[PDB]
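Results of the structural survey
What follows is the residue order along each chain.
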Amino acid sequence: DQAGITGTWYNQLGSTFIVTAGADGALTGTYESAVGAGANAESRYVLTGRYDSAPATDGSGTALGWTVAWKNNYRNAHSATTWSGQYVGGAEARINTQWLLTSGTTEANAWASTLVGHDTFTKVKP
Amino acid sequence: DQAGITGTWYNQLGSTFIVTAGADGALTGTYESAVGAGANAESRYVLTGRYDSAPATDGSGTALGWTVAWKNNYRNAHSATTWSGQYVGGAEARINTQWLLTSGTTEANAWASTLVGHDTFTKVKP
Amino acid sequence: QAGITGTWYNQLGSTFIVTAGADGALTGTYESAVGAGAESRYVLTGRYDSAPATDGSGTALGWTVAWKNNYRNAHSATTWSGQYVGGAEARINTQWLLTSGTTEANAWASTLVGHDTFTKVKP
Amino acid sequence: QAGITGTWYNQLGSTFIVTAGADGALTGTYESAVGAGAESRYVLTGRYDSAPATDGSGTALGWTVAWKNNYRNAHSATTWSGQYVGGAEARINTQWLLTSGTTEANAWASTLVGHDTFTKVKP
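Residues numbered from 1 in each chain as written, not as in the entry; some residues may be left out. Chains lettered and ligands numbered in written order. Heavy atoms only, no water.

The name given to chain C in the PDB entry is Streptavidin,Superoxide dismutase [Cu-Zn],Streptavidin, and the organism recorded there is Streptomyces avidinii. For this structure, the PDB header gives the title as "Sav-SOD: Chimeric Streptavidin-cSOD as Host for Artificial Metalloenzymes". Annotation of chain C in UniProt includes, under Subcellular location, the sentence "Secreted". Taken from UniProt, the Sequence similarities comment for chain C reads in full: "Belongs to the avidin/streptavidin family." (UniProt positions renumbered as here; feature names shortened; annotations may be inferred.)

As annotated in the PDB entry, chain A carries the name Streptavidin,Superoxide dismutase [Cu-Zn],Streptavidin and comes from Streptomyces avidinii. In UniProt, chain A has this text filed under Subunit: "Homotetramer." The Sequence similarities comment attached to chain A in UniProt states, word for word, "Belongs to the avidin/streptavidin family."

Some words on the interface of chain D and chain A
Contacts between chain D and chain A engage 11 residues on the former and 11 residues on the latter. In total, chain D and chain A occlude about 1,000 Å² of area from one another, counting both sides; carbon and sulfur atoms represent 78% of this. In terms of surface lost to chain A, no three residues of chain D exceed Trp108, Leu112 and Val113 of chain D, which account for 57% of the buried area on that side. Applying the counting rule to chain D against chain A returns zero salt bridges. Taken together, chain D and chain A are joined by two residue pairs in polar contact. Those elements giving two or more residues to the side of chain D that touches chain A turn out to be β7 (91-100) and β8 (111-118) of chain D. Of the residues assigned to the side of chain D that touches chain A, the class counts are nine nonpolar, two polar and no charged. (Contact = heavy atoms within 4.5 Å. Buried area = accessible area lost by both parts, 1.4 Å probe. Salt bridge = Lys/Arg side-chain N within 4 Å of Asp/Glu carboxyl O. Polar contact = N/O pair within 3.5 Å; in protein donor to acceptor, adjacent residues only side chain to side chain. Helix = DSSP H or I, 4+ residues; strand = E, 2+ residues; numbered from the N terminus. Nonpolar A, V, L, I, M, F, W, Y, C, P; charged D, E, K, R; others polar.)

What about the UniProt feature "binding site: biotin" in chain A?
Residue and element names in this part refer to chain A. According to UniProt, the feature "binding site: biotin" maps to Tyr31, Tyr45, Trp83, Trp99 and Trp111 in the numbering used here. Within the secondary structure, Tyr45 sits in strand β4 (residues 44-51). The class of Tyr45 is buried, set by a relative accessible area of 5%. In this view, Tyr45 contacts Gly29, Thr30, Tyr31, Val68, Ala69, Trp70, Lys71, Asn72 and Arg75; residues no more than four positions away in its chain are not counted. (Buried < 20%, exposed > 50% of the residue type's maximum accessible area, 1.4 Å probe, protein only.)

Quick notes on unusual backbone geometry
The phi angle at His78 of chain B is positive, at roughly 50°, despite the residue not being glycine. Looking at where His78 of chain B falls in the secondary structure, it is placed in strand β6 (residues 76-88). On the basis of relative accessibility, which here comes to 26%, the residue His78 of chain B falls in the partly exposed class. At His75 of chain C, a residue that is not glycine, the phi angle is positive and equals roughly 50°. By secondary structure assignment, the location of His75 of chain C is in strand β6 (residues 73-85). The exposure class assigned to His75 of chain C is partly exposed, which follows from its relative accessible area of 26%.

Observations concerning the interface of chain A and chain B
Taken together, the 45 residues of chain A in the interface contact 45 residues of chain B. The junction of chain A with chain B conceals about 3,000 Å² of combined surface from both sides, 58% of it contributed by carbon and sulfur atoms. Put simply, chain A and chain B have zero salt bridges between them. When residues of the side of chain A that touches chain B are traced back to their parent elements, those giving at least two are β4, β5 (62-71), β6 (76-88) and β7 (94-103) of chain A. It is β6 of chain A that provides the largest number of residues to the side of chain A that touches chain B, a total of 10 residues.

So this is what it looks like as structure tokens:
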């Protein structure tokens with residue numbers, strides 16, 4: 001699935017996920033959020049993650065995850081999102097994810113530090 | 001916080017989180033889970049993530065996240081966990097996280113693909 | 001309340017039959033299309049915001065099912081938290097937590113998380 | 001049921017007053033120590049497994065609060081999903097989803113997630 005995961009993906013918000021899958025299980029690329037703090041290189045951030053480079057052959061998806069820390073040369077949202085999900089190959093390839101967005105907070109506000117949601121990615125430029 | 005995040009951390013399950021924080025916001029290291037599939041290099045896995053390299057100075061934590069794909073040279077659990085959280089410095093430094101563990105599944109079992117939980121890390125070998 | 005009350009189906013074909021009370025109560029039954037196994041129906045109770053914002057905001061709500069009835073017991077409970085969005089096709093968009101009773105040693109793995117979207121359109 | 005019924009406090013100093021019914025109902029009131037703002041108390045309803053495993057497993061349960069009372073409205077709802085663990089110090093360990101009513105454009109950011117542990121020990 002190295003070839004299948006590698007490429008340019010869009011989620012239902014119109015965010016752009018540009019990723020390279022390495023033979024070793026590495027995910028490297030850039031994430032551009034259509035939404036969030038400060039809503040173009042201004043909106044583009046480094047991501048890293050991992051994927052299962054030897055998935056099951058029973059038609060199971062390929063487990064994968066990645067992180068973005070919302071700091072770049074222009075902007076710092078003092079937060080980080082992780083996406084945890086699976087790649088499903090085939091004619092209309094998709095990545096289905098759930099995510100956790102954690103903000104840096106004081107101890108007093110730590111209860112409210114984390115948003116949760118779900119993003120589905122496809123290769124169709126929306 | 002590069003120096004503060006860098007090191008060997010243990011969570012409440014006795015898992016071992018060995019991480020290097022890079023000046024650029026990179027997290028690199030190894031994760032050894034005390035629990036899970038197959039429960040020592042057998043139990044040790046590659047992680048990568050990101051952290052906010054320029055946090056707020058208002059006593060806020062430092063947002064960070066990382067991914068493990070549960071494949072190594074010995075074992076493949078066809079799953080991936082992401083931890084999303086914040087580093088809190090001081091005399092008893094801690095990383096507070098929530099996590100998403102996604103398994104590769106068939107489309108029919110995808111509803112049950114993802115576990116959620118919370119891990120707190122400190123530098124105290126338990 | 002008129003909007004929320006009724007028969008809803010999610011993307012799995014599960015059936016959510018709810019009555020919204022005037023003062024914020026949700027009551028009814030949930031039949032899951034998936035998971036462990038009248039005998040497939042479970043009691044639900046919940047709460048909703050009976051006075052939502054009037055700025056086109058959704059209506060916040062949530063409910064619980066414990067997966068025990070007189071025939072089956074999955075020793076687990078699901079809570080759905082989400083919002084009702086009125087319109088052409090009314091929708092309830094939810095995230096959910098499914099916690100199983102576990103030993104302390106297995107409690108790290110006690111809780112599944114997902115997301116369900118409900119519409120009144122029969123599968 | 002005897003174990004679950006009573007006054008619980010979480011790590012934030014929030015107060016959870018619950019009655020466990022014989023047939024799986026949770027009813028009561030929740031006062032949050034944190035967040036938007038009798039006037040600080042909110043209705044809760046939920047469900048619990050009234051016939052848990054006897055293998056030292058916890059008891060699965062869940063409940064909802066919609067953050068509306070006669071004095072305040074935060075246009076939001078929290079659901080807690082978790083398990084009751086009996087013993088020397090009984091504990092309810094939970095994860096929670098807090099969904100706010102939003103516009104469709106802000107619905108990506110509608111839902112906070114966290115974890116609360118409750119004991120009967122007064123803060």
